[PDB]
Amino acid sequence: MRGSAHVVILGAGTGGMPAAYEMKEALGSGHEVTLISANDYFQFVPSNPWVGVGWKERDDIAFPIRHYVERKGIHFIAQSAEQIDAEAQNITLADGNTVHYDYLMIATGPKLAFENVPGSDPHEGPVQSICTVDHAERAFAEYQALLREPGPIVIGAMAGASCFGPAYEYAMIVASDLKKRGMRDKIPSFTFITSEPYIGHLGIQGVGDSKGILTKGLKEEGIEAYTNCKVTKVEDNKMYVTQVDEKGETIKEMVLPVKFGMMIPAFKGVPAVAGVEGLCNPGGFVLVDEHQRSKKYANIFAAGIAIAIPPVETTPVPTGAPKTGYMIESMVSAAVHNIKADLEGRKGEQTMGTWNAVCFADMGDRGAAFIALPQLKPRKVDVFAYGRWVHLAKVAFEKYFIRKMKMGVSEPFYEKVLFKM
């Protein structure tokens, strides 16, 4: 309302959850902050691959949201938004109720675009997913079924995927788990299929020696790997794969039987956001300026996977660059600061800063991590590392982030750098 702005945060995930706390903290008692999300629980998504192999359970990585945000003065609506009218500034919820906003922060993350590959939906065939805890649990269930009746394994990433790390991570831990169960030698064939132009491209043109180390890693585990691949369909428990050359021409077609499978899908924007006229690019990603503000609607901001970031390269098979946790947090901080500024006359000048990608993958006793910035080479930092410190860091961070999501966030978030001072 006038003089008492109502700020709505859409999506309670890695960007959205902290956004709600930061917003309330920044705006104080004289402004209404409402968090709206499809699920009533928060999930720590980097843990999903471990859930998918049964190394973690849902209870460890997920918790109900209401009490934690409400104790902080935040209103929580555990309902999916179906429609957004940017003109009337109304959001229509699943149950038909409508919510008005003065400012909207879109943090809706990815739509998992299984529709890009007929039969690839986890409910349609043997190709599973580890992007959400629901799917990772389903994946593990199917993993157990492969255990009872061994058959070929196919893990990897679809055309248009932008999140490659987890495919490598899942493939490695499955292998690990298969050995630990003394079941590894029961598998007819274990294949890695990716839209990357080469192993360890990772959607970022490689980082450190990601190419050499991931290649060696896959061979070490007896996983046969194909790059420049797109899946055209999953059908009759078979994956139809087309592999191309540098110029897009076909160099082969394969038909791979699948007993157990997991392909990272392409991400698009969620329908209710992509549905807003003139808001998004053709993929359904919100077009924002450097301040995280919609280019079309001055009172709409966005952060997280939901925003559009222009491609910097064009690969034989369509691929995307990942949007990772540290950058997402910077987007969130910028949005909160700039909205607050709006509510006070100023024009917030804060931006998300330098593009970067930071990923940590835990293999059990040790992990791999990378840091790349900025997006194009030659980079200022281009590091791929492997060791125990990586495992320790992942374990530590999951514990930290989850605690933070329960206890509240002021907050210039990452002072993980107090381990220096």
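Each residue number is its position in the shown sequence, starting from 1.
The stretch with the higher mean CA B factor, choosing between 372 to 380 and 59 to 67, is 59 to 67.
Mean C-alpha B-factor is higher over 402 to 410 than over the other stretch, the pair under comparison being 402 to 410 and 18 to 26. When the C-alpha B-factors of 79, 237, 210, 129 are ranked from the entry, the top spot goes to 237. Ranking 249, 169, 102, 121 by Cα temperature factor from the entry places 249 first.
Per-chain ranking of the deposited C-alpha B factor places residue 114 in the middle third. For residue 304, the recorded CA B-factor ranks within the lowest third of the chain. Only modelled residues enter the ranking. In the deposited entry, the Cα temperature factor of residue 334 places it in the middle third of its chain's modelled residues. Remark: residue 192 belongs to the middle third of its chain, ranked by C-alpha B-factor as recorded. Ranked by Cα temperature factor within the chain, residue 203 sits in the lowest third according to the deposited record.
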